[PDB]
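Q: Below: the sequence, then the experimentally determined structure.
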Protein chains: 4
Amino acid sequence: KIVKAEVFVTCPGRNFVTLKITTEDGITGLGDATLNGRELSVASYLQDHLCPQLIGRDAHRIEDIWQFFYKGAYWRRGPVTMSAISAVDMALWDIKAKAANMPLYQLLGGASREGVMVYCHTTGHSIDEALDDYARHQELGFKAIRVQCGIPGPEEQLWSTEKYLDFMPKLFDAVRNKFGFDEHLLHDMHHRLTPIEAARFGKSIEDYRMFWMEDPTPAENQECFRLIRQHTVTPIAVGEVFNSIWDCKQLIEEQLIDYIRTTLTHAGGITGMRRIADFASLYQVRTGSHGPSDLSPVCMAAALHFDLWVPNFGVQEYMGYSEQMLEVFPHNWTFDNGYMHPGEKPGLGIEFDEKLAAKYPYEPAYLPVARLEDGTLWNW
Amino acid sequence: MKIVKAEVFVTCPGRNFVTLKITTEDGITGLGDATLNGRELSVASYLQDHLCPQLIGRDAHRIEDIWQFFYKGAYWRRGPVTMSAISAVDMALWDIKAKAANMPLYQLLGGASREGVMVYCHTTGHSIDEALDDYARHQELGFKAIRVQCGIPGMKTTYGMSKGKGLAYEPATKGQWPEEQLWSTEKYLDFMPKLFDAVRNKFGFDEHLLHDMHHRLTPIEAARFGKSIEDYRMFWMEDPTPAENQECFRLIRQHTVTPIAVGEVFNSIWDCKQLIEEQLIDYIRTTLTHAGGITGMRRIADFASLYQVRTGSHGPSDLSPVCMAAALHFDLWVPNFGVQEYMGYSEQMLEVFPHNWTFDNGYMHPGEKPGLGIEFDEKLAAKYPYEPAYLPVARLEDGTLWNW
Amino acid sequence: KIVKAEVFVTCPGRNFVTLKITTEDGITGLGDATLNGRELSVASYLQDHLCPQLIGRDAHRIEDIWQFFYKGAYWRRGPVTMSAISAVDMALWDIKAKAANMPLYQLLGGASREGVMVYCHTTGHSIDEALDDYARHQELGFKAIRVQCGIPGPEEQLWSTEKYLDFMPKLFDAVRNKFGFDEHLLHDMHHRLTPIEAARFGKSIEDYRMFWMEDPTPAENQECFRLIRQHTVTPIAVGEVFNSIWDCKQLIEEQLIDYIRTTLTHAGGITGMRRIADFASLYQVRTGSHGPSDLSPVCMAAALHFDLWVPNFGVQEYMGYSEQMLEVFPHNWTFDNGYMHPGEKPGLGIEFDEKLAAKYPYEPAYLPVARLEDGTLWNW
Amino acid sequence: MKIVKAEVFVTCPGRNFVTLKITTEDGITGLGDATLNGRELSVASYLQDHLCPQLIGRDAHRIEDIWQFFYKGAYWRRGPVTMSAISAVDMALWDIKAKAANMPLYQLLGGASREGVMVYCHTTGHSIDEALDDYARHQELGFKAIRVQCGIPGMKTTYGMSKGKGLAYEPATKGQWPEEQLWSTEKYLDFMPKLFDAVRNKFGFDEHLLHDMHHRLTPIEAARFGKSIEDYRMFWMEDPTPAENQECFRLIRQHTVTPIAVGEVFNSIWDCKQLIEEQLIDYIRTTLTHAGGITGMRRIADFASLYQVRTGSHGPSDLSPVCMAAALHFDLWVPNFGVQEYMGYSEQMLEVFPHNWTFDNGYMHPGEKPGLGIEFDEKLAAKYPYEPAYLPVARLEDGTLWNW
Ligand SMILES: [Mg+2]
Ligand SMILES: [Mg+2]
Ligand SMILES: [Mg+2]
Ligand SMILES: [Mg+2]
């Protein structure tokens, strides 16, 4: 029996929305509802609408509560809706695993791997800046590195597809010339391109053999990935902004992508993302979960548990966190030579320092938007 | 027209309404509806906490860039909550634009395609006889198109506080937890065609006859049901089966010539693209408040038209009179218009939203007032603070959580 | 209430057919019905058949009049039919915007951009002629330039596909060697090729990264673009000669093109071309409206209004006009550093000098035809 | 044979006809029909102002190059007006070519596939009884195939100057504005199958039974209607739904085995390629005057044949006796021939076009005269100047502008 369903919002120094479920017998569960830029919309969805409906209820019935909130909302999917349902899910699996006196990955089918490969972020204003950044991050032991750097030439940013097409292969060329192959080489395209520009981009970087190119073109219309897929063999990843298998069912069934980047916080929690992962396996599509700063350590934990089990695991993103971010969330995960592992403690193995949290009130922050030279509002 | 104020109001007289009011430097005012039954405060937040402070520097004239700015600029893209917010803005912006133009909004959309807008009512009963009387009542009111339902024998609620035989009008029930209904598809399949039989027998054809299936059946069940009602020439059979998987409408279309409507719960063209392009439906029921306002909904309708799909906008109590006035401008213009749903508003609800549409012999027509032709009495709105109220859920005999 | 629906035909020095609608209260609207080479066919369609039917009628009912002329004609589509209906449409939106005391782009949803990128025409007898032409047009400030030049070796012209395949990539090579990338590089193929020749053409110019190749093969059968699309990543544009969404629905739905070149005068006016534009947006196809001399300034105006609004705007063609052409049409559009903007006056912001117009009677002029060495009549 | 003259004539006895006459250096004459009901002068222009001066140097022998020269050389390619012009040329050119050959035109096409050409008539009534008498009248005239219609009870025009019960023969009404008709699909669906029932009941089978749906229904409506008339074994059900989107015929074909005809309004193989290749129709109703003359129409028919689609050429008052004489040569040859429509011509109309086809017991046969076997009396044509006349439009109860 759930006795309390509480929502917390904190900023050290970025916003996190956290759900805490308490049962009658003292077991306590944590869940991430963080939705970058629309945080208070989810907080209200939970505090005002889902949490009171979680009170009479048996914690054991994870599936039923999921279905109850999924279908019972009537207006069915969506980023806010799912960020909430996933928070409820995450906290209930936290509770169940504690109840099993097990780490979460154990309830899922146990470890399919000894370690979880993560990738880091590297960036510059110039190529030279980028290569020194890659070299220090290689030094830190990551086996997979996502590389970006500036093009020669909400916050509104300026975008030129054309300047990017002509210039950006030059980066991967440099990375490969300095440092060999062996490391996995990654790149985020940030939805900036047309399908046929993405095809062109893919071809032009095939020589450097990317582990993937991610978010090539906006994917509301999943048919738009067909064009890129018929023209390049550079691996494709997508799915940060997805909240549903309905967002990616076509991309996977038509073998248009190699990595699905959906996340526990945003795509349905353990319950939903289990189903998405399993579906992708049939098509030899692998998991490339988003791991930015704006998913809180609660999700990282659960995602290290998920990643430890999934047969078809690909990579985990680990953008990382502030010592200021992490200390609100006492964690027990480890890192060694480019692999992470979840705790071996019951549940998610994660805590929430409420008193510390209360030191940090919500502060408004929005993601940038992109505009052409034109001023036409583009995909950031 | 620099936007100078962007305010959200939550009022409950006596069901919840979320209303956005945008005010311009020169003092033009526009209203937008952002009501999302059962999750209202999330949108209120989505508007109040993130979006309305972003609307403050902006030129109200630039409706498209604003729509795209919020649509894409929210990096997380679709969905009921997000789209409820965006639509409210867009609706308010088009209200302001027609006011600036000194024109009823329909005039800006392309002018009128028709002299008036056909609306349908609902009728119900616990028994077939009851439903026939309700039908006769609405027939004498001049309704040309009527949606009929009635109870499945054996299946009345055992819940003592159910608003029950009401509920078809106001399904969201004041309180904390959703009312739980028991569903049997099998008893529905055997019984419901008898309702349409009896209606057509007593009151022949001449009336357009509508029916809502409330998402309960699977494709092959809906297929059979459509077949079993072909003799009655339904104007439509509505929300047959869950539509997240648009391919699920295929088995239905293969097997019956009963007309198919869907789209109440949709917030985007991406929710219905496949259904339309594949000609799996005849009527698209998406709404201004939930499906992207004037801007987003003109796109859906125009796309639909290419496939000879007509509009059949959802119009329950939980869309505010602002969305209603707006829908009537859209309906009066839209070339591929089919029908408009018109659930009543109580007097209580309407005196908060002074309006100017009219009704005559089954057809509605909006203001000839500039903008939408709708107001929002903030002083009377302030009298009705938010009250929690939630949509039912359905469970099978199993206890299985099912589609409501 | 419309009181007059007048058609004018003038030649300074090229033919234009113009429609002028007057309402009871003095508001006046202008519309382009110019159809190159068949001008008097449209003039008659209007004066003899549509205009008298516009007299009793309410100017506000733009949609209804469109539908009334579209379906009521019984014989439904076609270049002449649509050139007429579009003229009626254009003039009625001119009237409506005046009635709103607004520039037209405002009624459409307002400006999505600060400027409208145009491309110019450049040509030669030789490559050197072409490059000096490009350099002077770059000097004039265009950011997009369509390049043609002669192959070494109605008016009937001679055509050799084979000489063109072997030679024409040599041009883009020269343009890129002299002047860098940055500028958008364009080319018109004039329907001259087979689908598989077009595929070959596309591949061979991929190295120069064209903004587009336009009208690769005749498109009555839209399936003929499939072959080019599976073999090249050079962007494709098409649609000058289209009058309908039915002409291009398959090309867009199957993601066979990147730019749709339909025009207000020829494809249904604001009402029709709004629908075509919107449909193309779903597939990330962008607008590349034809802007030749034989669309009159009335259309240019309205097209600058349309272009200013369309979310999915791509480019506007601006072949340009004679000082002799423009002075019949007092205009208020501007040009600055490769961008155009429509007036800020009510309506289209365009006028028609009738008295001047009457100085210039119609004169017969036809487009060339193309013939192989054979004499077989080919696609010009 | 150098073309020396190329003239357009517009005459009205008493409906409009546009006729092209081509004259050769040696003095062979050929006539072509270019009539486009309701927009006649546009084609007249398209011929007179641009095309006929282009036909002046040319060798009349080169029919194909001429066809392509105008087809492609008009940079703007298809369409009712353009194609009306091109067909008129082509028809005149093939008339000249058979004259040069001293042969009836059919002989040049491949010779006769049949001894004669089946034609269908129309019958109508305000009531079913009336229509049955009209049926009996045409049955005794020897017609083997008959198209039947009649009024939908309640829906007679309230317009005092309507030619009304006529109109099925000459729908284009002299004047300035189109006559406006009110349409109800729902009343059509409930009533019309009763007409076919009554016909088959009084006069059994033995007659081929045809019916024109006039573009009024949507795919699922047409689907239902086809189903509802299966018992009567219609020879065809015609123009079911607008066909700009050829995919719209799919829902129809999936649901009924009632035969489907379409193509009156088509000007090109591109208008019907998908419909044929997908086997969505049984009869292709394109015409010599509107669909590309002998040259373009042999292509359409041959393509159709691959799919077992037969020809069912439209033949109303608004195709001239030149197009009729031409159609009978085409029909007599074409292997996949289905039926020919034969609306009468008044005596007035025919004395302008001295002809030589014959009719015997429901079958027509063209001249055994060289060329088409048709003339054009220019002196009597000159007596009847052009009179404006326009096709109706239909509006729904709504005022909505709909498909006529
Ligand atoms: Mg990304
Ligand atoms: Mg419903
Ligand atoms: Mg071109
Ligand atoms: Mg017909």
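A: Cool, the structure landed. Residues are numbered from 1 along each chain as shown, chains lettered A, B, ... in the order given. Ligands and ions are numbered 1, 2, ... in the order given.

Q: residues touching the residue in the stretch 51-200 of chain A positioned nearest to chain D, list them.
A: Relative to chain D, the nearest point of the stretch 51-200 of chain A is residue A:195 (23.7 Å; C-beta to the nearest C-beta). For every residue, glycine as well, the C-beta is placed using N, CA and C. Shown in contact with residue A:195 (C-beta atoms under 8 Å, 6 or more residues apart in numbering or on different chains): A:216, A:217, A:224, A:225, A:226, A:227, A:228, C:255, C:284.

Q: and residue A:5, what element?
A: For residue A:5, the enclosing helix or strand under DSSP states H and E is strand A:2-10.

Q: That strand and chain B in contact?
A: No: Strand A:2-10 lies out of reach of chain B by C-beta under 8 Å from any C-beta of the partner chain, never closer than 10.8 Å.

Q: Neighbouring strands - and their directions - for that strand?
A: strand A:16-23 (antiparallel) (DSSP bridges).

Q: neighbouring contacts of the next helix or strand after the strand it pairs with?
A: Once strand A:16-23 ends, the next helix or strand along the chain (criterion: DSSP H and E) is strand A:28-32. With contact meaning C-beta under 8 Å, 6+ apart, strand A:28-32 is reached by A:16-22, A:59, A:86-95, A:98, A:264-265, A:269, A:295-296, A:298-299, A:302, A:347-348, A:350-352.

Q: Quick check: residue A:157 touching residue A:373?
A: No: counting by C-beta atoms under 8 Å, residue A:157 sits too far from residue A:373 to count as a contact (11.7 Å).

Q: Have a look at these two and say which one is more surrounded.
A: residue A:373 (15 against 11; other C-beta atoms under 10 Å in any protein chain shown).

Q: Is the closest residue to residue A:209 other than its chain neighbours in a helix, a strand, or coil?
A: In space, and not counting its chain neighbours, residue A:209 is closest to residue A:181: 6.6 Å by C-beta to C-beta, 6 or more residues apart in numbering or on different chains. When classified by DSSP: H, G, I helix; E, B strand; the rest coil, residue A:181 comes out as coil.

Q: give me the number of residues near residue A:181?
A: Residue A:181 has 10 neighbours, counted by other C-beta under 10 Å.

Q: from what I can see it touches residue A:207, true?
A: No: contact between residue A:181 and residue A:207 fails when scored by C-beta under 8 Å: they sit 11.1 Å apart.

Q: quick one: residue A:289 and ligand 1, what's the gap?
A: Using C-beta to the ion, to the nearest Å, residue A:289 is found at 12 Å from ligand 1.

Q: Mind telling me what element the spatially closest residue to residue A:268 that is not a sequence neighbour is part of?
A: Counting by C-beta to C-beta, 6+ apart, residue A:86 is the residue found nearest to residue A:268 once chain neighbours are left out, at 5.5 Å. Using DSSP H and E, residue A:86 sits within helix A:79-99.

Q: Dump that helix to PDB, keeping only the CA atoms.
A: C-alpha atoms of helix A:79-99 as PDB (Å, rounded to 0.1, in the frame of the first residue of the first chain):
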ATOM      1  CA  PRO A  79       6.400  14.300 -23.600                       C
ATOM      2  CA  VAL A  80       4.800  15.600 -20.500                       C
ATOM      3  CA  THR A  81       2.300  12.700 -20.000                       C
ATOM      4  CA  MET A  82       5.100  10.200 -20.400                       C
ATOM      5  CA  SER A  83       7.700  12.000 -18.300                       C
ATOM      6  CA  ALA A  84       5.200  11.600 -15.500                       C
ATOM      7  CA  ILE A  85       4.200   8.000 -16.100                       C
ATOM      8  CA  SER A  86       7.900   7.000 -16.300                       C
ATOM      9  CA  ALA A  87       8.600   8.600 -13.000                       C
ATOM     10  CA  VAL A  88       5.800   6.500 -11.400                       C
ATOM     11  CA  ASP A  89       7.200   3.400 -13.100                       C
ATOM     12  CA  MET A  90      10.800   4.000 -12.100                       C
ATOM     13  CA  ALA A  91       9.900   4.600  -8.500                       C
ATOM     14  CA  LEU A  92       7.700   1.400  -8.400                       C
ATOM     15  CA  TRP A  93      10.500  -0.800  -9.800                       C
ATOM     16  CA  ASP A  94      12.800   0.800  -7.200                       C
ATOM     17  CA  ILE A  95      10.400  -0.400  -4.600                       C
ATOM     18  CA  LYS A  96       9.900  -3.800  -6.000                       C
ATOM     19  CA  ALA A  97      13.600  -4.600  -6.200                       C
ATOM     20  CA  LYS A  98      14.100  -3.400  -2.600                       C
ATOM     21  CA  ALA A  99      11.300  -5.700  -1.800                       C
END
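
Q: ok, residue A:13 touching residue A:322?
A: Yes: using C-beta under 8 Å, residue A:13 is in contact with residue A:322, at 7.1 Å.

Q: Residue in the stretch 51-200 of chain A with the shortest distance to ligand 4?
A: Nearest to ligand 4, among the residues of the stretch 51-200 of chain A, is residue A:195, at 42.6 Å (C-beta to the ion).

Q: Repeat that for chain A.
A: Nearest residue of chain A to ligand 4: residue A:223, at 37.2 Å (C-beta to the ion).

Q: for that residue, helix, strand, or coil?
A: Three-state call for residue A:223 (three-state DSSP): helix.

Q: just checking, it touches residue C:252?
A: No: Residue A:223 is not in contact with residue C:252 according to C-beta under 8 Å; the separation is 11.5 Å.

Q: Quick check: which element contains residue A:262?
A: Judged by DSSP H and E, residue A:262 forms part of no helix or strand.

Q: Please report how far it lies from residue A:306.
A: For residue A:262, the distance to residue A:306 equals 11 Å [C-beta to C-beta, to the nearest Å].

Q: ok, and for stretch A:153-165, which residues are buried?
A: Within stretch A:153-165, the residues that count as buried by 16 or more other C-beta atoms under 10 Å in any protein chain shown are A:154, A:159, A:162, A:164, A:165.

Q: Mind listing residues that contact it?
A: So stretch A:153-165 is in contact with A:151-152, A:192-194, A:197, A:200-201, A:204, A:366-373, A:378, A:380, B:54, B:73, C:181-182, C:184, C:209, going by C-beta under 8 Å, 6+ apart.

Q: Mind checking which of the residues you listed are buried?
A: Buried among the contacts of stretch A:153-165 (16+ other C-beta under 10 Å): A:192-194, A:197, A:200-201, A:204, A:366, A:369-372, A:378, A:380, B:54, B:73, C:184, C:209.

Q: from these, which ones fall inside strands?
A: If you go by DSSP state E, the buried ones among the contacts of stretch A:153-165 have A:369, A:370, A:371, A:378, C:184 in strands.

Q: which residues touch the fourth one?
A: Contacts of residue A:378 were listed using C-beta under 8 Å, 6+ apart, and they are A:159, A:192, A:369, A:370, A:371, A:372, B:72.
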